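The residues making up each chain are set out below.
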Number of protein chains: 6
Amino acid sequence: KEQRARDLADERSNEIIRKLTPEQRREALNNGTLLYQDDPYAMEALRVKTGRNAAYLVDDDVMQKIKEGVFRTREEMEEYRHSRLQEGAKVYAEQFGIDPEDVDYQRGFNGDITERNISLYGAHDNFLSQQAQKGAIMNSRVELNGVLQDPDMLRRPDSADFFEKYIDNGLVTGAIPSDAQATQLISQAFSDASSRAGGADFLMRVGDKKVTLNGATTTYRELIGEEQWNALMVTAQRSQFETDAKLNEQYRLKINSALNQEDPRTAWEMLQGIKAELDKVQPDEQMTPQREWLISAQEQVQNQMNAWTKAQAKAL
Amino acid sequence: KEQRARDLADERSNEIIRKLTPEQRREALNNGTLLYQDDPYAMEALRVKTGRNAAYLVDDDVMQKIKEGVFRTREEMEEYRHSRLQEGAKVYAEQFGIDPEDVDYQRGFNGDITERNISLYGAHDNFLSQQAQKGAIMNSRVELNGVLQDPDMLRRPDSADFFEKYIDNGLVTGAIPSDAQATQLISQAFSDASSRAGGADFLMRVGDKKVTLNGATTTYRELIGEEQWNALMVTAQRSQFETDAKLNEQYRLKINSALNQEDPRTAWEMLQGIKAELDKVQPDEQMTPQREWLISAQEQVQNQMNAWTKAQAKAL
Amino acid sequence: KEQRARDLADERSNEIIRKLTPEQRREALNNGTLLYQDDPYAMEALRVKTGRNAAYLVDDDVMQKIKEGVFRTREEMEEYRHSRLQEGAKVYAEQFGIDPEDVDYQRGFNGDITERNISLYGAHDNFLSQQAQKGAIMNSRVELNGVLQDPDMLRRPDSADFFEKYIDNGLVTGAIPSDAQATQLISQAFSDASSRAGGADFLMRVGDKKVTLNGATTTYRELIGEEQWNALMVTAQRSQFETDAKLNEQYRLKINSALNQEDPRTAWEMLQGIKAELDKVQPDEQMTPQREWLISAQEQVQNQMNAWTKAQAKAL
Amino acid sequence: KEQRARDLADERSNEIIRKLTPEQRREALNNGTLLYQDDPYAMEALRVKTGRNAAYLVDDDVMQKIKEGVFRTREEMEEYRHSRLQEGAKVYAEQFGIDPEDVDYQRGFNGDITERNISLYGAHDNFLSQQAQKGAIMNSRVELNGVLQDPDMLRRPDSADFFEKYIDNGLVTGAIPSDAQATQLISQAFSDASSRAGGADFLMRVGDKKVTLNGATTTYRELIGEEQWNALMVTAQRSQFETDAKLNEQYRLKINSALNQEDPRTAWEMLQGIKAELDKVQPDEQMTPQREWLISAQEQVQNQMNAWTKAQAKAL
Amino acid sequence: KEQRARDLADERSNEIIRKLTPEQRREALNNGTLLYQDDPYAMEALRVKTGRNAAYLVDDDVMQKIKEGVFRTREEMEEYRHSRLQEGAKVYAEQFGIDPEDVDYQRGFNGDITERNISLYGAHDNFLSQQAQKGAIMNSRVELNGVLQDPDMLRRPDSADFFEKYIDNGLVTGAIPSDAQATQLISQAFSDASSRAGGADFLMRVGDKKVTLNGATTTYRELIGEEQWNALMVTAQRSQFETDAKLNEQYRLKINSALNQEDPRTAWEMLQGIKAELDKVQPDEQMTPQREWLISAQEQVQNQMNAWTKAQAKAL
Amino acid sequence: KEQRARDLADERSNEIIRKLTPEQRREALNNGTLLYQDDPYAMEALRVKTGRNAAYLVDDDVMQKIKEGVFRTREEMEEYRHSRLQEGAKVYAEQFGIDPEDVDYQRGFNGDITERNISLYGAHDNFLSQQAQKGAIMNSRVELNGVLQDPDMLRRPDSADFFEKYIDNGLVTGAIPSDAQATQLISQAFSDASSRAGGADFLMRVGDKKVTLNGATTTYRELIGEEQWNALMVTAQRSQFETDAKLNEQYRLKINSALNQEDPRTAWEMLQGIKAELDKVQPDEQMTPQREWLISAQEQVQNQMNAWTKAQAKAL
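Per the PDB header, the entry is named "Cryo-EM structure of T7 bacteriophage DNA translocation gp15 core protein intermediate assembly".

Right, dumping it as structure tokens:
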């Protein structure tokens, strides 16, 4: 009848653990006034259950602090796990009035230990891989910003060579492991060099190197779509004029001074000089809001030249 | 044949619990007119089932009030759980006409108690972690707004030092636990200091400190993307002119007064003084809608100077 | 061999229930021409199966009308459940030609009854919690619109006090249970008071009270982000000028009349009076499309004053 | 050893069903050249397996035509199910060279029949509920468009009463069952009456009735947010001027004719008459792109009156 | 002890399959130097396991080429499945050094064959249904573009009749099976006829037919929302002027020529003729960017007529 | 009693593995001071468990480096798997102080090996299929950019033929396997040829070929929607004027020079020549921002001709 006596023990344990709080049970355990203190199987089931509770509490605490990143390395999470296991076993046994040594309590508190450790290791390893991915992305930007932040070092004809060599090495050696993440790294380095001085030269020079990604081998200008390339180039050429306000003032004032000369024939030469100087800070031939400035200036200077030639007949 | 008599008991219990409402059964239990009142196993199965029902009802009530946050601490949820367990056992037993003490009713009402407590503790701990995350985010904004709300204390050269020290400490000690959430905290503090007076100085000064995030160590200007940094700086420099309307009026009226002098030579000096004063409320060199005001003013004053010099020849 | 005879009964039942429609079986049951009418175990399996079918049909009907909200309270869903159980058992037994009393049919139709009731109670309680949430959100707007709809009662200096007291009470007592939903309630009440007359005063006064949310305690202006606060204030100050068209006409016509006086010196006083009156319907100092009206008016009146002073020399 | 002989039968069946196509097996079944034709248990396992295949094929066909809606009612799906069951059993048995009557084939083809019928009924009932929801939404728009499409019947003071009575009845009786869907119905009827002639009157009149939704009772203007109400009213007042181009022409030409009179004093009266007539096609006081037309007209007529009064002094 | 000897065989098999590569095992199988070559149960377990591996490899290959569509019909997928099964069994047995005939290898390679075939048939049938849906959508556009692409056949008064008859037939017969997809077909055919010449007539004529969808029966203008209908009509009337640039030139030049006549009285007649001709290429009364052209033209011609009448007094 | 002695062994193993760290256990294993060193079953359970741990650690490492792509081919992943299995077994056994040969440790470390290999092969094959898809997409762009990048080779009348032949072949042979991905390939090749010089001719010529996709056969202009086709054509015709700024300058300056001649009669001929030349770089008749330039030019030249004809009467 051992199958029945233990079966009734489970019911008595459930009644004990429902009808009382974690406090009243301790107050009544030393007073010998529980509902089934006499039956030993009832107390045994109550102990083996009140341990599986504390095990889940400490595991939930650790898993919850793992989910949102509070453990960076792996050894720190294991250390916190061990310390919390020990301290929590002790403190929950003390709170529930149970001896933290009685074998039955541990059969529940240690019930399924390897599988719970597997679960925690899996979740924390997922988070660690995620932060290592994010850290590679954030790190390979500082390494580039060592020789790509200087607006003078950028436009040298070797910066494209350094960038291509860096992607090639970090893709072959292992510095940039994920071939899928090389796209994010490339796009981030571009958007950086896009909205920074002189970036137009660097982009127009790097747009013809060779980079391997996902089996097929192509050219950078062909990796990202052609329309995406045109938009990126337009942004990289508007950068210098939306980042260094002084240059905007200089070119607008010089366009105005050229447009406002008395003899338009010299205004043509001044506008031509302005465009010749502006081609050296916007090499690629895309249309930017500045070529439109030159368009309006040439429009107005041509109208002025027409008017001045028509009014020159009155000098006859 | 014990395997069959109890098997028929389950069928009779199911017929009893389907063919009647929670009201008619009470009216008919004291009248001795149930469908299988004679068979004891039928009544036993009906009782052990009508308890697993009330258990799920009270558990669903508590879990439903846990899902959407009504319990802030953990002790309050446990207290409500215990009170509802007791009161619900009593009231559902009374409604279904069953004795709230008969052992069979409790074998169902207490059937799987530790696992249901595990489920509730897990859900409520998930919610508690979420609200603690949100509370850390909302709290580390008030602590910053103690020495970053004053538009005069902000532009001092030590505010950047205090901000860097705060992030470093709260990231090393534990005040800001989640390395992943430090990004949200940083972005929120920036967007705060972005659209507030004097914020341009604070941003341009903090953009060169050191902050560690996700293993790699970088500079704040390099943490968020360079184009994101330029957009943030443009917003932080348009802030003062989209928050204190009086300053907008002052600069627009002074630009107009400068532009409308009779001798443009003094208008050049007035516009230069305006730009010199404006550089002290917009330090970084990004292009804002105000440098465009100065551009238009210089354009028009140069046109006026050209016209006045051309009409000066008539004084000969 | 009882394990085999019943095993063949299941196969015969499956063949019966596949090879016939719910109609032909009734026509052939009273004609004694089924495929295995002779074997009693075959008919028993066919009955215990054709009941589990109708049980699922009625349960699917009830669950489907529960999923999309057709039952508001809980007692109404239970009542509909009971009536549909009875009527559906009867009608499906009648359609399938089976006696609605034969014990075997009920062993299938009542097979797993408590678990299906658990499922329905869970789904309907989920929906009931959702509608109670939505109803609290929609209800705490009418209670506010009792003393916040009057454009005159709003701008009194006590409306902010009433709003703060209401949130505090409803957050402590229980009228507004979900601390997470207090954000939705606050944002909704604001957006209401935002786009309504006089709302600027109410917002600028409430932006310095104290509200507790998620453990940390802050000020309303700091709960929602500072840039969000500036946008909300701009909207609340453009409200009065995008809701009462008459006021727009009044201020635009008065600005025009001021700008079009013959002696600009009085136009300065008129514009100053206009701005002084306008500060009382837009207290906070944010930039709105109306301060821009005053900016353009002052620009043009200053140009006119300059022109009139320059042409005053001809009076000498 | 019956546990082993059948165990080897499963392996032989798997080898038979892998090593051959549905065609070669038929060609080789009548030639007596299968791999294990001698063993009867092998053939029995092959038959009981080759039936569970065809069962899944026909079930997948029916479930796939159910998923994307091809069965509107429920009886049509059941009819197609039955016809396909019969025809598919026959045709798949014929293709696989198996007798469509041999009991073993049916033990597999009819293996789990009630559960598969449960699955199909559940999926098809889900789809039927979805289309009934969509049909209620689409139907309660035609019923409204019977007395809300006429641009003359709409602006009568009883249309709001009819709309409120309709929502109240259909929400109490059952014509509009889902309290959650009443929001969609209300918003759809509004957006209809929004962008249609005279809709402004209907909206401004219905915005003060009583509608119950989700326990709490409010007013229509308070059901949808106040800013949403202002946007909806602006759209409903721009409707008439973005739907009947003739009226746009009429008002623009009349504004121009008023603005272009020789004596502005009569132009004031003409513009006042225009605004008085326009208030009857835009009752609520929200700002629309048309009040802005009147604003510009009054601006220009005031400038013209000022100029004409200033030039009247030359008549002295 | 048969339960233990085989139990140790599983462990030895696992050690064999972990401690070696798919290459070393073949090199060591013919050299008689495996770790447990002596024990027959070890080799048997190793064989029954190394088959379940190859089975999963070939199944994963086929399922992976099924997931992303490479098999259009069903017979092609079955053919590829069979060929790959045979060839893969042979080649994997050869690579792993196992006889491709030994019964134990097949007990693993053919282990669960019917269920894997069920899985593949289900996935491929899902994809086939998806492509049949997409193909019906793409096909019922070519059939319409046979009598709806001609800009002259479209505006005939029977095109609406053909479209309504087509939807009705294809919805009753079965050419357009999914009542849910009839919405996509209708919207696609509209958007086609929207941005194409003469489409305005076709839309304004079809907007009053009858189409049944989801139980309820409505009119096309009421199927899609009224505001959606107005937007669609505006697009369909701007189509002709955003697709055939020549017509844009013609109307703009003629508007200019009318506006620039010397006597405005004839300009009124010219503009009236232009509007009368334009009503035949934009029947419905919605406001388009072209009625605005006529509005500006009438505005300017009325101003010119006023000026010319005022200057006519000087002819007295 | 063998069922109990091993049952206690599991509890003792769990206590051992909870109460100690991976370090203390090694220090105490050689000192003979574990908690249950005496019992052999306890040590056996501890060993069989401490192996299932290391197995999961190495499997999680490999699966985590597989999830985010670090293994391109399949043989490389298998090689890394094998090397890590060996090295990890050895190193984890050494760290946990267990003999890396004792049979019990391997019964846990090799516990479920074939299923874990199945899981890894499945995940890595999913990733490999994804990268092969992306590689086909990226590769069939370089192959096209060999004869579609030259702005002169593109506008030849055979480029459309080559493109159609390429899609047809790669869809029949297998170079472009996924019929679903042919849409992505087509759209990408178009968007490439869209925003590149001369692309208008290529698009307007390819828009009438034949391509089969998803059973139904249509024309390219009908594959993508007609409104999508019009938008794509507008973009392809604005490309040349938003990519080669020199051409923008040329046409704007020539339009200005034509508009500014003294005798408008020659300006008509100049504008007509400009439009005739512009039709050869924008063949399709869609409306672009350039036809609007010609519209404004013709508008202004017609106004000028009217003014000059009206002022010609003064020459009489």
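**Here we look at the overall build of chain A**
The helix and strand tally for chain A stands at 14 helices and 2 strands. With the C-alpha coordinates of chain A rotated into their principal frame, the extents come out at 130 × 45 × 30 Å. Per-residue burial for chain A yields a buried fraction of 51% across its 316 residues. Nonlocal contacts in chain A, meaning residues at least 24 apart in sequence, comprise 66% of its contacts between residues at least 6 apart.

**As for the relation of the copies chain A and chain B**
Rotating chain A by 60° about the axis while translating it 0.0 Å along that axis superimposes it on chain B, leaving an RMSD of 0.0 Å. This pairing of chains is accounted for by a six-fold axis. The C-alpha atom lying nearest the rotation axis in chain A is that of A:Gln3; the distance is 15 Å.

**Describing the pattern of salt bridges**
The tally for this structure, following the rule as stated, stands at 138 salt bridges over all chains. Close ionic contact of B:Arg291 with B:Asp279 constitutes a salt bridge, the shortest N to O distance being 2.9 Å. Pair noted here: B:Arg291 is in helix α14 (residues 291-312) and B:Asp279 is in the loop between α13 (264-278) and α14, with a separation of 12 residues, a long-range link. Between D:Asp201 and D:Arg205 there is a salt bridge, with its nearest N and O atoms 3.6 Å apart. Taken together, the residues D:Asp201 and D:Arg205, both in helix α9 (residues 199-206) and 4 residues apart, mark about one turn of the helix. Of the residues examined, D:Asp201 reaches a relative accessible area of 14% and is grouped as buried. Accessibility expressed as a relative area gives 30% for D:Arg205, which makes it partly exposed. Several salt bridges converge on common partners, so that one network encompasses A:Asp192, A:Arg196, B:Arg221 and B:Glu226.

**Some remarks on the interface of chain A and chain B**
Of the residues lining the interface, 47 residues belong to chain A; the matching set on chain B comes to 50 residues. Taking both partners together, chain A and chain B bury about 4,700 Å²; carbon and sulfur atoms supply 47% of that area. Of all residues in chain A, the largest losses of buried area upon contact with chain B belong to A:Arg18, A:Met138 and A:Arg252, amounting jointly to 15% of the total for that side. Joining chain A to chain B, the criterion identifies 7 salt bridges.

**A look at the interface of chain A and chain F**
In this complex, chain A contributes 50 residues to the contact, which on the side of chain F involves 47 residues. For the chain A and chain F pair, buried surface summed over both sides reaches about 4,700 Å², with 47% attributable to carbon and sulfur atoms. Considering only the side of chain A, the residues that lose the most area to chain F are A:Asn214, A:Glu222 and A:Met287, jointly responsible for 13% of the buried surface there. For the pair chain A and chain F, the number of links is 7 salt bridges. Notably, a salt bridge pairs F:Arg72 with A:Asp179, separated by 2.4 Å at the nearest N-O pair. Among the elements of the structure, α4 (75-95), α5 (103-109), α6 (113-142), β2 (217-219), α10 (220-223), α11 (226-243), α13 (264-278) and α14 (291-312) of chain A are those that each provide at least two residues to the side of chain A that touches chain F. Tallying contributions element by element places α6(A) first for the side of chain A that touches chain F, with 10 residues.

**Observations regarding a nonpolar patch on the surface**
On the surface, a nonpolar cluster with roughly 200 Å² of combined accessible area is contributed by B:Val147, B:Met153 and B:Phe162. In this structure, B:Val147 sits in the loop between α6 (113-142) and α7 (159-172).

**Focus on the packing of aromatic side chains**
As enumerated under the stated definition, the model contains 48 aromatic pairs over all chains in all. For the ring pair E:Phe190 and E:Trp229, a centre distance of 6.1 Å and an interplane angle of 65° mean the geometry is edge-to-face. In this pair, E:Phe190 sits in helix α8 (residues 181-194) while E:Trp229 sits in helix α11 (residues 226-243), placing the two residues 39 residues apart along the sequence. Neither E:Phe190 nor E:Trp229 differs from the other in exposure class; each is buried. With a centroid separation of 5.7 Å and 35° between ring planes, the pair formed by F:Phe241 and F:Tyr251 is classed as tilted. With F:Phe241 in helix α11 (residues 226-243) and F:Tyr251 in helix α12 (residues 245-259), the pair connects residues that are 10 residues apart, well separated along the chain. Relative accessible area serves as the criterion here: at 10%, F:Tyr251 is assigned to the buried category. Grouping aromatic residues by their ring pairs yields a cluster made of A:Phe163, A:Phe190, A:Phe202, A:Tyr220 and A:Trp229.

**What about the side chain of A:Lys275?**
Tracing the sequence through the fold places A:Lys275 in helix α13. Residues contacting A:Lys275, with those up to four places away along its chain left out, are A:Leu294, A:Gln298 and F:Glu249.

**Considerations on the environment of D:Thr183**
Residue and element names in this part refer to chain D. Summarising the element assignment, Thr-183 is placed in helix α8 (residues 181-194). For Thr-183, a relative accessible area of 37% puts it in the partly exposed group. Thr-183 sits 43 residues away from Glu-226 along the chain, and the two C-alpha atoms are 16 Å apart.

**Concerning the arrangement of the chains**
Chain A makes no contact with chain D; the smallest distance between any of their C-alpha atoms is 30 Å. Across all C-alpha pairs, the smallest distance from chain B to chain D is 18 Å, and the two are not in contact.

**Some remarks on the packing of helix α3 (residues 40-67) of chain A against α4(A)**
All names here are of chain A. Packing of α3 against α4 leaves a shortest axis separation of 9 Å and a crossing angle of 150°. Judged by the angle between their axes, α3 and α4 are roughly antiparallel. The two elements α3 and α4 meet at a crossing, and its hand is right-handed. On α4, the residues that touch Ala-54, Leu-57, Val-58, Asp-59, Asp-61, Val-62, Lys-65 and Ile-66 of α3 are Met-77, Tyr-80, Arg-81, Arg-84, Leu-85 and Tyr-92.

**Considerations on the domain arrangement of chain A**
Quite often, the size of an interface is put as the accessible area lost when its parts meet. Domain annotation for chain A reports domain 1 (2-126), domain 2 (143-240) and domain 3 (245-315). Taking only C-alpha atoms into account, the centre of domain 1 of chain A sits 56 Å from that of domain 2 of chain A.

**Re the environment of C:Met63**
Tracing the sequence through the fold places C:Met63 in helix α3 (residues 40-67). Beyond its immediate sequence surroundings of up to four residues, C:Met63 is in contact with C:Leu120 and C:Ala123.

**Notes on the packing of helix α4 (residues 75-95) of chain E against helix α6 (residues 113-142) of chain E**
All names here are of chain E. As a packed pair, α4 and α6 sit with axes 11 Å apart at the nearest point and diverge in direction by 145°. Crossing of α4 over α6 shows right-handed handedness. Counting all contacts with α4, which are made through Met-77, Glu-78 and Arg-81, the residues of α6 involved are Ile-113, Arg-116, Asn-117, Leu-120, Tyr-121 and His-124. Its residues placed into classes, the contact of α4 with α6 shows 4 nonpolar, 2 polar and 3 charged.

**Focus on α3(A)**
Taking 1.5 Å as the rise per residue, α3(A) with 28 residues should run 40 Å; its terminal C-alpha atoms sit 41 Å apart, in good agreement. Where α3(A) begins, the side chain of A:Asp39 points an oxygen toward the backbone nitrogen of A:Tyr41, at a separation of 2.6 Å.

**Some points on unusual backbone geometry**
Residues and elements named next belong to chain A. Positive phi values are uncommon outside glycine, yet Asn-214 reaches one of about 60°. Counting through the fold element by element, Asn-214 comes out in the loop between β1 (210-212) and β2. On the basis of relative accessibility, which here comes to 11%, the residue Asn-214 falls in the buried class.

**What to know about helix α9 (residues 199-206) of chain E**
Residue and element names in this part refer to chain E. For α9, the tally of buried residues reaches 6 of 8 residues, placing the bulk of the element in the interior. Every buried residue of α9 is accounted for by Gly-199, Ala-200, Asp-201, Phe-202, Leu-203 and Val-206. Among the structural elements, α7 (159-172), α8, α10 (220-223) and α11 are those in contact with the buried residues of α9.

**Section: the side chain of F:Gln298**
Structurally, the position occupied by F:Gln298 is in helix α14 (residues 291-312). Taking relative accessible area as the criterion, F:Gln298 reaches 0% and is therefore assigned buried. Each residue touching F:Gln298, except ones within four places of it in the same chain, is listed here: E:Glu249, E:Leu253, E:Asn256, F:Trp268, F:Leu271, F:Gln272 and F:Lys275.

About the cut-offs
Residues numbered from 1 in each chain as written, not as in the entry; some residues may be left out. Chains lettered and ligands numbered in written order. Heavy atoms only, no water. Helix = DSSP H or I, 4+ residues; strand = E, 2+ residues; numbered from the N terminus. Buried < 20%, exposed > 50% of the residue type's maximum accessible area, 1.4 Å probe, protein only. Contact = heavy atoms within 4.5 Å. Least-squares fit on C-alpha atoms. Salt bridge = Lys/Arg side-chain N within 4 Å of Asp/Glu carboxyl O. Buried area = accessible area lost by both parts, 1.4 Å probe. Patch = residues over 30% accessible without salt bridge, like charges linked within 9 Å, V, L, I, M, F, W, Y side chains within 5 Å. Areas by Shrake-Rupley, 256 points an atom, 1.4 Å probe, with all protein chains shown as cover. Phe/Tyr/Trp six-rings, centres within 6.5 Å; stacked < 30°, edge-to-face > 60°. Axes fitted to C-alpha atoms, helices over the stretch in contact; angles between N-to-C directions. Parallel < 35°, antiparallel > 145°, perpendicular 65-115°, else oblique. Left-handed = near helix turned anticlockwise from the far one by under 90°. Domains from an automatic or database assignment. Nonpolar A, V, L, I, M, F, W, Y, C, P; charged D, E, K, R; others polar. Expected span 1.5 Å × (residues − 1). Polar contact = N/O pair within 3.5 Å; in protein donor to acceptor, adjacent residues only side chain to side chain.

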